[PDB]
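Descriptive analysis of the structure
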There are 6 protein chains.
Amino acid sequence: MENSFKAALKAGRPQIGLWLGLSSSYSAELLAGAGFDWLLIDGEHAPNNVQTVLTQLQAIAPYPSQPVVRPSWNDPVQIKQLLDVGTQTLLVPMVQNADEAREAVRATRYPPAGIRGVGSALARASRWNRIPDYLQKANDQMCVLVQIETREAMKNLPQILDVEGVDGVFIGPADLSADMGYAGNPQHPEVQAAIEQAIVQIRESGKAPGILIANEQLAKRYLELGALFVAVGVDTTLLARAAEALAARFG
Amino acid sequence: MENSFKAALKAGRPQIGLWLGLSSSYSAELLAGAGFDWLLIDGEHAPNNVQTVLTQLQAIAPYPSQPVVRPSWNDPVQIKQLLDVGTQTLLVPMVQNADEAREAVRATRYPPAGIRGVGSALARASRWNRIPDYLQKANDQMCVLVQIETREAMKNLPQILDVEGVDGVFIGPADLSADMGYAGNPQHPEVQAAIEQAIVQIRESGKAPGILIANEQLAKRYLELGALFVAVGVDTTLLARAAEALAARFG
Amino acid sequence: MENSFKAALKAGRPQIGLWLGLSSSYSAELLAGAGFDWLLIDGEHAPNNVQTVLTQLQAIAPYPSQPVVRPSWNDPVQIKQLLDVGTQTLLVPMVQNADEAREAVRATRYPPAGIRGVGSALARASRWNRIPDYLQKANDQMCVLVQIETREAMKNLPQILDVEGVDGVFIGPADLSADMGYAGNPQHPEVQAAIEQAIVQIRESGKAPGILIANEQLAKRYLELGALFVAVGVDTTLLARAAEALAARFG
Amino acid sequence: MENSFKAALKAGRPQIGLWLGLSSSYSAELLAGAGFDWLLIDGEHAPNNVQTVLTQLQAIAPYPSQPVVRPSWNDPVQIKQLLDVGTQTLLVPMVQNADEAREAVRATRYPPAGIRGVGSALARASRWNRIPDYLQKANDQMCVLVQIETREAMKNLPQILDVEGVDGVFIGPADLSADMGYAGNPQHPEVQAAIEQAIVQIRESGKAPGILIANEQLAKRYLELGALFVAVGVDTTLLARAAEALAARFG
Amino acid sequence: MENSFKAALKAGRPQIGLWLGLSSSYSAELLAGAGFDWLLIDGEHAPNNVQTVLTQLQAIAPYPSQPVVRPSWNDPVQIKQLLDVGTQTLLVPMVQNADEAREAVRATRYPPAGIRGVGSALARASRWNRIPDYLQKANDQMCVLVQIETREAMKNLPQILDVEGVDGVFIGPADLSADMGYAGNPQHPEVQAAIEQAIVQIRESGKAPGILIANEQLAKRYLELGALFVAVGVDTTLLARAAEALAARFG
Amino acid sequence: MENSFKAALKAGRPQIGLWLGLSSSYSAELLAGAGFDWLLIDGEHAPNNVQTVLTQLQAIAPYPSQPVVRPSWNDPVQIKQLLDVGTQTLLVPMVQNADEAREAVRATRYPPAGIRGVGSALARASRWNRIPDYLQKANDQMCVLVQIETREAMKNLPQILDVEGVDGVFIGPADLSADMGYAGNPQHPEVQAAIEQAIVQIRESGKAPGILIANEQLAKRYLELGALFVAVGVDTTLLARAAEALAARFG
Ligand SMILES: [Co+2]
Ligand SMILES: [Co+2]
Ligand SMILES: [Co+2]
Ligand SMILES: [Co+2]
Ligand SMILES: [Co+2]
Ligand SMILES: [Co+2]
């Protein structure tokens, strides 16, 4: 039950990822064999729920690619349910300040370190109580990544970075650009400056910066700067764009 | 991606609807061909979720009948997820005051006009980014309908009607009658008076009144008065009552 | 595990039925409360399989209406599977002769009386081996109804009626009329004559005649002639026609 | 629609239960025939949602075992949806004080006694309006059980017990032991003392104490003391432990 | 209910296609917007059944791309079921001779022209009896494409082309190459010769040649020779290879 | 893609197994961690299909227990489909003679050794063409186990054992006892004699004997005689009996 993605971030090994919005355990398996370090199961902007997350985790399990799950919001109840089906790495949307970051962290940790409700017998998390001493080992293998997506969140970043248990900070360029006045198009100097400055500040605090970016040159730039969990594409886009290009070649 | 139901309400063309509680993409298609102007996919009182809404939207898509979705509550997160699978017309339950109406409207609109989170690449809403300039066109095709179901909501109606982006106000007679002391039976003079007065006030403000009513004479009365989105039956009731009547004719 | 539908036919008590093509456990429960004696789960012309039959049987179980299941064909493998999930009354399509009727009966009976494969520990049919002496009691509670749908089958009817274990013979007017050249409209004197002559002959042999007929006058005419399992409507039709009628009443 | 579990608790008849985390309508039916007085469908720590609850209720319906449902939290919206698919007995997690207990009770009751939204036509709860006078009978057959799982909740127990409509109080030993410093292992004298004292206080107030405990001697002790709804095992554990023991006997 | 794919082949307009093996209604919709003339829902080599074909047909329906469905074999029972859920164009595997081609055609046609069973009230195919004179118009809109996959089938090609109702003949290079001893690599002169000779001969007879070929140079070569339904890629391949390429570009 | 179950049988290492009839990917994972050498996914007597087999194979994949799948019959079309979703070991029911055993073997092998249809780009079996030289390596990793279930099959056992590619012969005691007139109780000396004589004869030929037997004393007796794949319990039975025992201990 060692969290190898978390260990890698801690060791400063960059992790290359793919976003999964196809919401299917079948395509999840197909993509789990494609050579990515991590896969993001999106519960926020794709039609997933706890049950489809579970089946995608089962599909991915025997592959080297590590799963990360994004809940629909920073919700303790939804976090608890995701952890019980076996989620160990969470990407939490719209974290605006240190208090919200702390709530995310505590949602993942058993008392006294947190408020995670106990339900080990029922849960894939402990493999239905086959993992010995699960309750005592579980906290240290939880990896909490928080998303900063607004000017307010950027302003609060130093404080968010001071929250123990925050292992990484993810920047969402589309949401950030929208908040900043550029309508979801991050290719504006003011937006890139903010992103670059955040990546540096995060890495300087001893924590992992992350980002999703489909432009491969921008992705390489962010990696060169020091980002440690970079998603470089989205399943739905890869499929749609490859199919459209193919049809176009025949008229 | 033009919202034709919204255009019709704006133009004062009455829209006749059917309520869908069967929670099935198969019966949704069957009913999409029956000649209604709109169909209500009920996420509140029928066993639907974002995923079943998605499949019902897919089933209805090639038909002229327009889909409207009712979330379980006035919840920004649930609203965001519904919009991403392609929902453009929402019927929001238990809207009690202008602040709640405004939250519903802003949940549907991209910044700065609202707080809708961006996730276009992943979403059926933009047809996975095939709709050009989706981010810029999306706000104007969202149609927000709010439900008033209590005496408190009736008292606040003038203020609710002043909220920009509120395109229509739906009256739920059963909930209203319950709140007023008549136990969900709207056939009491005090309740009909309130309903009639609301329909008039709504239409006089330049907005669309709506209602669900299974009694066909009452429905015609409300249409005569000026209601613009009137649901005249419920799938489950049509099926149950037709089946029971049939069995009764044979003993 | 007494088959009450089977006992009713044997006692000459007419059974009024509804056809289920909505392929949903939810609408099946709704319809199970409507007052029919029997309900036909259609695995031939509706998108059902062994698994959806199972969920529909579970939904119907606490109600008085008795389930009957139609396999896609007279296939002993499919029959075995349907029996294991708890089917006790089968309506077998396209039975052309006495050998085929015999094959249907034998598919439902444990050796030596038939070729039904044994798997009671696994099966809802024995309630996972809770039903005492299941193996010894099962054969006698199976009820086999065979469909005659062609001129060939009509010619072989006397031999088919001589087959032990054939409890009922069902006439399918649409298929029969199509085979007879009146495709597929059964309102022609020569089709009605064939139908009515078969009903009389079936009942004369001491077996139960059955038919599906949405016209209530014809249904009563068939009952007068001795028909004992008469399906008088179809769920999809009831819903589609009620919905269309409603929408039309509002323009 | 009489709630027989509720009547039994009121009459002081102890009810022996099994916890269902397998989240399957198929295993639910299998277990519904095993002789338990009640079955707990766990929406909190197992991968269930309103839809899977519905199918499990349908599976259990014809059996004598009574269903109890645990929502993911004390959420009025989720409670409403569960009640509409037919839930009449709720086990509500993390109830910390009298105000929270009162919110749980009011979520289950139609106005004026509560805030339950009306949606009878659509709901299995009224059997799609076949239950006559459902709106007037529904409140009295709702049974609300609240979970106390923290030292804070224990402190507030006398006040929680004074809340009308609270029919029972369930103690979760694992969560309680975690809150008390013993890491989810309830076998510590301080924890057993607290549990024993709560069971007595609950029963002395005229209300039903409940608990889940897999140790059969502890369960018998709690029953001897006066507990009235005792779950004595969990489906997932029974299966896992029986399978592991079996494999071990062969090496 | 005009079959536009069928009309295009008859008019000599080449149709460019994509194979769908992802077995999902969600990715089917995504791909339906990509610009292909046709989409192949594979019931033979992908985990589809009648029910998933149905949901994929619903998803594709509002788009210009036309669905074609491949049953698992030339089985008249499976064909009947696929036709009832609305399939109008079938790609039938392993057709070895003219008798088997005739059997495929006849499975799709109502008597007297075939043996298709009647069940229009139940079926999406007639839109639940909304399509006027469905029974009279259906036969002419069925489009039957047969696969030749062995040396035996190649030998019988002239007789197969003489079968009325065979609208197209599809060559499966992998299966053919395997039968020819080059298992299963079709890049050998003798396989290419057999393929190209068949395409010429099929087109010469006035029927449509088809093929699946992921190599775009070969695809254009087959088009030059007169092939009229050419599938130029497979969804699972497009996704797997794009994902693998992306991951490799980042090390 | 080495078949380790197949290698174990060939090396004379007995494999202890559990039968899976719960038809759930969730309980399959739970049971995959219980310590059995193999797990039987039953497509004959449990409500599984190609799609639920797929999800169960995905769930079991990361565990040491090896899956074996039982098709509903010796059907080459069903076998092809199960092989494409990744099945490598098949337990084929009702194999009566050497021709039928040969047909089973040939259904699993690519030409020229068999008639297995080619579709690797689409199939989990090749991991969507990631497995290098899949077509060349697949045949040798297929493991075919045939069930002898009748006196006829027992008579033909010597010829069946002479069939190349038959790796194992499984005796089904319930079906065999039913065929022998002891329906379906296998505790009679003449049934036990037939069973034990077959086990000895199978092993003598250098092939693996198999059997399902819930009685642990009999299971050890069969192992002593040389049986090499012995299923020692059934999931549904384990769960039902443990639950019933528990409930009874509490009255
Ligand atoms: Co974002
Ligand atoms: Co309401
Ligand atoms: Co028929
Ligand atoms: Co608890
Ligand atoms: Co092929
Ligand atoms: Co057997």
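Procedures and definitions
- Residues numbered from 1 in each chain as written, not as in the entry; some residues may be left out.
- Chains lettered and ligands numbered in written order.
- Heavy atoms only, no water.
- Helix = DSSP H or I, 4+ residues; strand = E, 2+ residues; numbered from the N terminus.
- Rg over C-alpha atoms; globule rule 2.2 N^0.38 Å.
- Buried < 20%, exposed > 50% of the residue type's maximum accessible area, 1.4 Å probe, protein only.
- Contact = heavy atoms within 4.5 Å.
- Areas by Shrake-Rupley, 256 points an atom, 1.4 Å probe, with all protein chains shown as cover.
- UniProt positions renumbered as here; feature names shortened; annotations may be inferred.
- Donors = N, O, S within 2.8 Å, 3.2 Å for Na, K, Ca; no water.
- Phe/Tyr/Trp six-rings, centres within 6.5 Å; stacked < 30°, edge-to-face > 60°.
- Buried area = accessible area lost by both parts, 1.4 Å probe.
- Salt bridge = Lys/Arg side-chain N within 4 Å of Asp/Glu carboxyl O.
- Polar contact = N/O pair within 3.5 Å; in protein donor to acceptor, adjacent residues only side chain to side chain.
- Least-squares fit on C-alpha atoms.

1. Some words on the overall build of chain A
Looking only at helices and strands, chain A features 12 helices and eight strands. Taking 2.2 N^0.38 as the reference for a compact globule, 251 residues should give roughly 18 Å; the C-alpha atoms of chain A span a radius of gyration of 18 Å, in line with that estimate. Classification of the 251 residues of chain A by burial places 65% in the buried group. Partitioning the contacts of chain A with sequence separation of at least 6, the portion at a separation of at least 24 is 61%. Entry remark: accessible area of chain A is about 8400 Å², with carbon and sulfur atoms responsible for 51%.

2. Regarding the UniProt feature "active site" in chain A
With numbering aligned to this structure, UniProt lists the feature "active site" at A:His45. Within the element layout of this structure, A:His45 appears in the loop between β2 (38-42) and α3 (50-60). When sequence neighbours within four positions are dropped, the list of residues in contact with A:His45 reads A:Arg70, B:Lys80, B:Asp84, B:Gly117, B:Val118, B:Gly119 and B:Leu122.

3. A short note on the coordination of the cobalt ion (ligand 4)
Expected angles at a metal are 109.5 degrees for tetrahedral coordination by four donors and either 90 or 180 degrees for octahedral coordination by six donors. All names here are of chain D. Coordination sphere of the cobalt ion (ligand 4), protein contribution only: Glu 149 (OE) and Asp 175 (OD), at 2.1 to 2.2 Å. Here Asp 175 lies in helix α9 (residues 173-180) and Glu 149 lies in the loop between β5 (143-148) and α7 (151-155), a separation of 26 residues in the sequence. Relative accessible area serves as the criterion here: at 3%, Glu 149 is assigned to the buried category.

4. Things to note about the packing of aromatic side chains
According to the stated counting rule, one finds 42 aromatic pairs over all chains in the structure shown. Plain terms: the ring middles of B:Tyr26 and E:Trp128 are 5.5 Å apart, the flat faces sit at 80° to each other, and that makes the pair edge-to-face. Placement of the pair is B:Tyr26 in helix α2 (residues 25-32) and E:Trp128 in the loop between α5 (98-107) and α6 (134-137), with the two residues belonging to separate chains. Per residue, the accessibility class of B:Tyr26 equals that of E:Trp128, and both read buried. Taking the centre distance of 5.8 Å and the plane angle of 70° together, the rings of D:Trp38 and D:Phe229 count as edge-to-face.

5. Some details on the interface of chain E and chain A
Between chain E and chain A, the residue contacts involve 30 residues of the former and 30 residues of the latter. Across the interface of chain E and chain A, roughly 2700 Å² is buried in total on both sides, 78% from carbon and sulfur atoms. Taking the shortest distance from any N to any O, the salt bridge between A:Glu216 and E:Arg249 comes out at 2.8 Å. Applying the counting rule to chain E against chain A returns three residue pairs in polar contact. Those elements giving two or more residues to the side of chain E that touches chain A turn out to be β1 (15-20), α2 (25-32), α11 (216-224), β8 (229-234) and α12 (235-249) of chain E.

6. Regarding the relation of the copies chain F and chain D
Least-squares fitting of chain F to chain D yields an RMSD of 0.2 Å, with the transformation described by 0.0 Å of translation along the axis and a rotation of 180°. Look at the turn and shift together and you get a two-fold axis relating the two. The position closest to the rotation axis in chain F is occupied by the C-alpha of F:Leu239, lying 2.7 Å away. In this assembly, 100% of the residues forming the interface of chain F have copies in chain D that are likewise at the interface, indicating an isologous arrangement.

7. Re the relation of the copies chain E and chain A
Expressed as a screw operation, the relation of chain E to chain A combines 0.0 Å of axial shift with a rotation of 180°, fitting to an RMSD of 0.2 Å. A high fraction, 100%, of the interface residues of chain E reappear at the interface in chain A, so the copies pair face to face through one surface.

8. Re the pattern of salt bridges
Across all of its chains, the model carries 87 salt bridges over all chains by this definition. Across the salt bridge formed by D:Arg70 and D:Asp42, the nearest N and O atoms sit 2.9 Å from each other. A residue pair is termed long-range when its members are at least 10 positions apart, and D:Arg70 in strand β3 (residues 66-70) and D:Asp42 in strand β2 (residues 38-42) qualify at 28 residues. The exposure classification of D:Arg70 matches that of D:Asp42, with both residues buried. Across the salt bridge formed by F:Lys80 and E:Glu44, the nearest N and O atoms sit 2.9 Å from each other. Within this pair, whereas F:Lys80 is found in helix α4 (residues 76-84), its partner E:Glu44 is found in the loop between β2 (38-42) and α3 (50-60), the two belonging to separate chains. Taken together, the shared-partner salt bridges connect A:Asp42, A:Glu44, A:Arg70 and B:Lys80 into one network.

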